[PDB]
Amino acid sequence: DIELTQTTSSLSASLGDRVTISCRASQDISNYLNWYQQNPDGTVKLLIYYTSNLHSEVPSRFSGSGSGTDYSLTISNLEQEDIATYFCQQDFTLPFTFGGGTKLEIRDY
Amino acid sequence: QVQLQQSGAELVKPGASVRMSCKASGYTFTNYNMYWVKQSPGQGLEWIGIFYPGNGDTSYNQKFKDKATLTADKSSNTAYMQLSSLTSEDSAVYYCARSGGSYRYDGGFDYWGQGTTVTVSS
Amino acid sequence: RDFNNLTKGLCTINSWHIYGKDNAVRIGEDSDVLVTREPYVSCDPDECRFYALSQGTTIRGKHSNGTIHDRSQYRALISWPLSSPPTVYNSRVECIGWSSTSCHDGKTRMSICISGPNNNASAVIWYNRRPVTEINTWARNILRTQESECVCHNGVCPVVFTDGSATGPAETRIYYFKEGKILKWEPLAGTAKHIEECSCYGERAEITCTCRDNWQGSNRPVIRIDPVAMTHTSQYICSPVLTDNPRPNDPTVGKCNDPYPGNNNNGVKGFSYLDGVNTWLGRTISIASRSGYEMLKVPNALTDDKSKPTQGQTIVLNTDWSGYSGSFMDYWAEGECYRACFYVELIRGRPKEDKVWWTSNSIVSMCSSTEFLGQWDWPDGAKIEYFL
Amino acid sequence: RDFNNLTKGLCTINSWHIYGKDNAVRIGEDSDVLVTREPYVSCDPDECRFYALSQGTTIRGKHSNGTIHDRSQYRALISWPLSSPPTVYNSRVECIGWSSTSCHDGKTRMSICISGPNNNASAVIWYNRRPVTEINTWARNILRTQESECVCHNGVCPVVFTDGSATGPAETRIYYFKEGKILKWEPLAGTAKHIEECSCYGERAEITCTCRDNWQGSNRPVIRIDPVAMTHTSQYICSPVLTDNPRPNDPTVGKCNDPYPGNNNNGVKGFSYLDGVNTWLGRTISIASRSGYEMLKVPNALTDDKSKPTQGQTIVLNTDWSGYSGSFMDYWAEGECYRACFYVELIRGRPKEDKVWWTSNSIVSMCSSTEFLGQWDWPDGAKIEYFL
Ligand SMILES: *[C@@H]1O[C@H](CO)[C@@H](O[C@@H]2O[C@H](CO)[C@@H](O[C@@H]3O[C@H](CO)[C@@H](O)[C@H](O[C@H]4O[C@H](CO)[C@@H](O)[C@H](O)[C@@H]4O[C@H]4O[C@H](CO)[C@@H](O)[C@H](O)[C@@H]4O[C@H]4O[C@H](CO)[C@@H](O)[C@H](O)[C@@H]4O)[C@@H]3O)[C@H](O)[C@H]2NC(C)=O)[C@H](O)[C@H]1NC(C)=O
Ligand SMILES: *[C@@H]1O[C@H](CO)[C@@H](O[C@@H]2O[C@H](CO)[C@@H](O[C@@H]3O[C@H](CO)[C@@H](O)[C@H](O[C@H]4O[C@H](CO)[C@@H](O)[C@H](O)[C@@H]4O[C@H]4O[C@H](CO)[C@@H](O)[C@H](O)[C@@H]4O[C@H]4O[C@H](CO)[C@@H](O)[C@H](O)[C@@H]4O)[C@@H]3O)[C@H](O)[C@H]2NC(C)=O)[C@H](O)[C@H]1NC(C)=O
Ligand SMILES: *[C@@H]1O[C@H](CO)[C@@H](O)[C@H](O)[C@H]1NC(C)=O
Ligand SMILES: *[C@@H]1O[C@H](CO)[C@@H](O)[C@H](O)[C@H]1NC(C)=O
Ligand SMILES: *[C@@H]1O[C@H](CO)[C@@H](O)[C@H](O)[C@H]1NC(C)=O
Ligand SMILES: *[C@@H]1O[C@H](CO)[C@@H](O)[C@H](O)[C@H]1NC(C)=O
Ligand SMILES: [Ca+2]
Ligand SMILES: [Ca+2]
C-alpha cells in the first residue's frame, strides 16, 4: 500500500520558536492525510485532518498544508506541552498507513 | 464527552490467546466504525482492522487476518479484540480509536483509548 | 411482429420510483423459495419478468448448506413473474449453466447459458426456446458473460464475453447474433484494460454498456456498440466520483483512459446512464463492503474529469446489505422516449452474516420519473435470527 | 374493445345472496397463505378477482409477528382468483405500496399504489401493467386513496385522494385520469368536512361515492361526480340510522350537511347504495368495536332526515369480528340493469385477539337479488387456539 515517510525522527528546538515537520507519500493521496500527537504518557490526539482541518479544541498555533505527495505541519510558537512525537497518516485507500513519527525535544542545552 | 476505556496489561506465555476490551461512552456506539491499531518497537503504528457495530461488518489488514478477531457487545457498548497463538512478536501496545467520519472511512481517528499492553514470553 | 428498432432517446431523469420488489428471503423463511444470486430484469413485448441463477435447493432445505460457491451442475437460469418470489412451483427454467444473459428482439427471445469446468466451459445459445449455436472456451479459464440483459436493434443482438484471468489480462470478445446465429465477432478495441460483467441499454440506434475492471479500475470501463455497422469502441469514465467496490475515497480529479489506482483485483457489477447532463451513476455507500446503494446525478460524467454530484437519491441505507446492480428498459412501452430502469441485488447470509450456512438475495427495482419524488429506503426485510 | 359507458341503472334490491368467500385464515393454518388486510373486489370484461394489500409474509411464518403495523416497504397490492385464498404461489402483484385503488375501463386496467415515508410519499399510476404517471405528496402527511375500486365512463376514471391529518382538516383532491394520464384535478367542493377511503359505484353516466369522516362524522359524507363534465359536489347522508364506527346510538332526527356528534376522530371504511326507495346502508352491529355486519333498507336515506329501516339482512353476527367494507359491480354482465354487490373484511388477530402476534383477514362477498331469499351468517371460521 501507500508508504508514508517522515523525514527526520528528531527535532531539538527551543521554546518559543516555529518548527516544521514533513511527510511524503509514495503516491498521490488527494489530500487524504492527517496528523496525530502522541504524548510521552501514552495519550494520542488528532490535531489536523484532511491536510489542514483542525480537530475541535486544538491550539491554533498548529497548522497543516500540502498536496499531491508532499504535506507539512507547522507549530508557530512552541510551548512546553508541545513535547511529543508527531505522526502522519493516510486514508485515501485501505489499508490505512502511518508515518514513522518525529520526536520533538525542546533542547535544554 | 467521548471516552474509550481499555482493559489492563496482559502478561502471557507463548501459545496463549488473549481478549481485550474497549468500553465506549459519550456517543452512539452503533454509528461509528471502531478501529484497532498496534504499536511496537521497530515496526511502529499499524492498522489492524475495523468493526462497525451498526451491522457487524469487519475488514482486516492482510497482515493481521489470522492473528486477530474483531467482536463487540452492543448492549454494554464494549468492543473486543482477541489475538491468538501468541508469539513474542506480539508484545506491543494496542489501541482502539473511533472513526472521525462515523461510518465512512475518512475524517481520521478522532478519539483514542489509552492502550493495553500485551507482554508475551515464558 | 417485426424486429424492434432503437428509435427513441432517453427520458429526462429527475428522480426514481419503485417498480418491483419480491421480498424473497422474508417469504422464504416459510415457503418453497429457491436459493438464487446474480439476478436481473428483462422485458418482452407483452410483459417484463425477474431472472436469476438458481442454486438447486430451497432456502430452508438441508442442501442450502454450502451455497456460497458459484459454479456447479446444480444451477440454471430461471425466470418468474414480476414481483413474486422465485418459487419451486412458479419458476420457468430458461437454460442450464452458472453464467448467463437474455433478451427479446421484438419477434422472440434469445437466452445464453455457460456451463462446464473452469478449463473446459462452453456456451449454448437458445433462440425461441430451442438450442441453436454452441461456443467453446477460447482461453480455457472460466468463459463468462454479462449477468444482465442484452439489447437488440433490428434483429441484431450484441453480447460481450470474457475468458481469461480476473486478476490480469483476458480475451474479451463481442459477438453479433441474429436469430441465434453468429453474424460476426471481434476482439475488444479501444482503451479499456479489462472487461467483466457488462450492464447495457440502448437508445437512438446505439448501445452503451458500463462494465467492471476488477483487476485495477475503481472507475468503470464503458463500451459503445453500433449494431448497424457492427463495430464498437471503449474508454473509461472521467468523473472522480468512483463507482466500483472496494474502491479508494473520491479524488478531486479523475482519469479518462486509465483505471483508478488505490484498489485492485476485485469488484462488483454495476451500471450508469450516460446522456450528457442527464447522467446518473449508481454505487454502494461503503468503500470496503457491499452495503448501501445510492444514485447520483453527475452531469457529463463520461467526458468531464472534475464532475461532482448535483442531486441524489438513496436506495438502501449503509446498514443494509446490497450487491450487484444493472440496467434494463421496457423498449415496448407507449411514449415519446425510453424510461431508464435498474435493479439491485440484496444479498443475505454468508459471508457477512455467518450465523447461517447459506447465501441468497432478494430484488428491488426502480425506474425514472420526470417528477421530483420523495425518497424511501428499500432493504431486504428478513430477520436472520429467525433462520437459526 | 371500446371504452365502457354507464348506460344502465341499478336493479331492484330485495335481498343479498353469497357471491364469494375465501376462508383464508382457516386454510392458512396449514398452507402458504399471505398475511393481508384492506381488501376489495374488481371486475374485468372477462373475470372478477379478489384484491388486497399483502404484508410480505405467510400467516404461519416467523415474520408475521408485528403485522399490526400498516405502512412498510414490504407491502404490495395483490390479486388472486375469485374465492381462492391469497397464496404465495397464485397471487399476482399489481404494484408496490401501502395504499391503493384499481379499475378496468373496458379496454384495459388502471392500478395505483402509494409508498414512502409519512412526509415524502408518492403515487405511481399503472395503466396496462406499465408505469405511466407519478404524483408527489402535496401536504406531506400520508398521501392515501380509496382502498376499493374506482369506476370509469368512456375512458375517464375519477379517483379521490387525501393528504393531511386524520384528526382535523386535510386537502382532498379528485383526479380525472384517461389512459393513466391526468386530464385534470380539482379540490373538494360541497359541504363535506373531511373525506377518507371512498367506496364508489356508477350508474346512468354518474358516479357516487360513500366515504369516511373520521375527524367527526358518525353519519357518512357522500360525493357525486359527473365523469362527462368532470365536476362533482358533496353532502352528508340525512338519515338518523348512523353507519360509522365507533358511533353514538341512533338519534330520532339526523343532519344533512353537518357530521354527527357524540364520537370523533376515528372510524372505519364503508359503503351504501343510494337510489331513492331502493336504498341500502351497511353497518357494524356494535357501536364500540368492529363486530357484526348488517344491511338495512332505509328508503331515501340521503334526502330524508327521519328515515328508519323498512327491511334488513344480517351478514355476520355480533359475536364475530368484521372490519372494512366496500362496493363493486360487474359492469360487463348480461342484463337490463346493474346488480349491486359488496364485500366485508373479517379481521382476525391483534388487537382484539391478543393470544397471537399477527393481524390478517378473510373475505365474504354478496350481490343483490330481486327475490326475497332467506339469510345465513358468514363468519371467518378459524379457531384461534389452533395457532398457539
Ligand atoms: C424528500 O425527497 C427528496 C428525495 O428525492 C429529498 O431531497 C433530496 O435530498 C437528498 C439528501 O439530502 C439530496 O441528495 C444529496 O444531493 C447532493 C447535491 O445536491 C449530493 O451532494 C449528496 O450526495 C453526497 O452526499 C451523500 C451523503 O449524504 C454521499 O453518500 C454521496 O456519495 C455524496 O457525497 C460523497 O461524494 C462526493 C463527491 O465525491 C463527496 O464530495 C462527498 O464528500 C461524499 O464523499 C464521501 O462519501 C462517499 C460514499 O459514502 C465516499 O465514496 C467518499 O470517498 C467520501 O467518503 C446527495 O445526493 C437530493 O439531491 C435531494 N433531492 C431533491 C429533488 O431535492 C428530501 O430531502 C426529502 N424530504 C424530507 C422532508 O425528508
Ligand atoms: C328467513 O329469511 C329472511 C331474511 O332475508 C328473514 O326475514 C327477515 O327477518 C329479519 C330479521 O327479523 C328482518 O329484519 C329486520 O327488519 C326490520 C324492519 O322490517 C328492522 O327493523 C330490523 O333492524 C333493526 O333490528 C336489528 C336488531 O334485530 C338491528 O340490528 C337493526 O340495526 C335495526 O334496529 C336498530 O336501529 C333502529 C333504527 O335506528 C332502531 O330503531 C333499533 O332500536 C335498533 O337500534 C339499536 O341497535 C343498533 C345496532 O345494534 C344501534 O346502532 C342503535 O343505537 C340501537 O342500539 C331487521 O333488519 C327482515 O326484514 C326480514 N326480511 C324479510 C324479506 O321478511 C326470516 O326471518 C328468516 N326465516 C326464518 C324462518 O328463520
Ligand atoms: C426496423 O427497421 C427496418 C428497416 O430498417 C424495418 O423493416 C422494421 O420493420 C423496423 N422495425 C419495426 C418494428 O418496424
Ligand atoms: C454445513 O456443512 C458443513 C460441511 O459439511 C458442516 O461443517 C456444517 O456443520 C454444516 N452446517 C450445518 C448447520 O448443518
Ligand atoms: C361510449 O360512448 C361513445 C360515444 O359517447 C362511443 O364511441 C363508445 O363506443 C361507447 N362505448 C361502447 C362500449 O360502445
Ligand atoms: C414477537 O416480537 C416481539 C418484538 O420483538 C416480541 O416481544 C415477542 O416476544 C415476539 N413474539 C413471539 C411469539 O415470537
Ligand atoms: Ca475494481
Ligand atoms: Ca367517525
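All chains are named by letter (A, B, ...) in the order of the sequence lines, taking the proteins before the strands, and each is independently numbered beginning at 1. Side chains are part of it too, since the values below use all heavy atoms of this structure and drop only hydrogens, waters and symmetry mates.
Around atom CD of B:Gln82, more than 12 heavy atoms belonging to other residues, nucleotides or ligands sit under 6.0 Å away. Within a 6.0 Å radius of CZ in A:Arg61, more than 12 heavy atoms belonging to other residues, nucleotides or ligands are found. Heavy-atom neighbours of B:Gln62 CD from other residues, nucleotides or ligands within 6.0 Å: at or below the threshold of 12.
Taking the six-membered ring where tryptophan is involved, the planes of B:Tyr35 and A:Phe96 are perpendicular, since the angle between them exceeds 60° and thus also 30°.
Chosen from B:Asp110, B:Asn61, B:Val93, the residue pairing most often with chain A at heavy-atom distances under 4.5 Å is B:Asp110. Between chain A and the options B:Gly107, B:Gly49, B:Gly101, the largest number of non-hydrogen pairs under 4.5 Å is found for B:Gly107.
Here the CG-CZ distance, from A:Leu46 to B:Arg98, works out to 11.0 Å after rounding to the nearest 0.5 Å. Remark: B:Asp106 CG to A:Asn31 CG distance equals 12.5 Å, nearest 0.5 Å.
Under a 3.5 Å cut-off, the side chain of A:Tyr36 and the backbone N or O of B:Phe109 do form a donor-acceptor pair. No donor-acceptor distance shorter than 3.5 angstrom exists from the side chain of A:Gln89 to the backbone of B:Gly108, with no hydrogens or angles considered.
With a threshold of 4.5 angstrom between heavy atoms, A:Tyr32 approaches chain B through side-chain atoms but not through N, CA, C or O. When heavy atoms are compared at a cutoff of 4.5 Å, A:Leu94 approaches chain B solely by way of its side chain, counted from C-beta outward. With a threshold of 4.5 angstrom between heavy atoms, A:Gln38 approaches chain B through side-chain atoms but not through N, CA, C or O. Looking at A:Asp91, both its backbone and its side chain come within 4.5 Å of chain B, counting heavy atoms on both sides.
Of all heavy-atom pairs between A:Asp41 and B:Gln114, the closest is O-NE2, 3.5 Å.
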Stepwise side-chain contact (heavy atoms from CB on, under 4.5 Å) check, B:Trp47 with A:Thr97: CA-CA 7 Å; B:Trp47 178 66; A:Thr97 47; over 6 Å; no
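With a 4.5 Å cut-off on side-chain heavy atoms, A:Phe98 and B:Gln39 do not count as touching.
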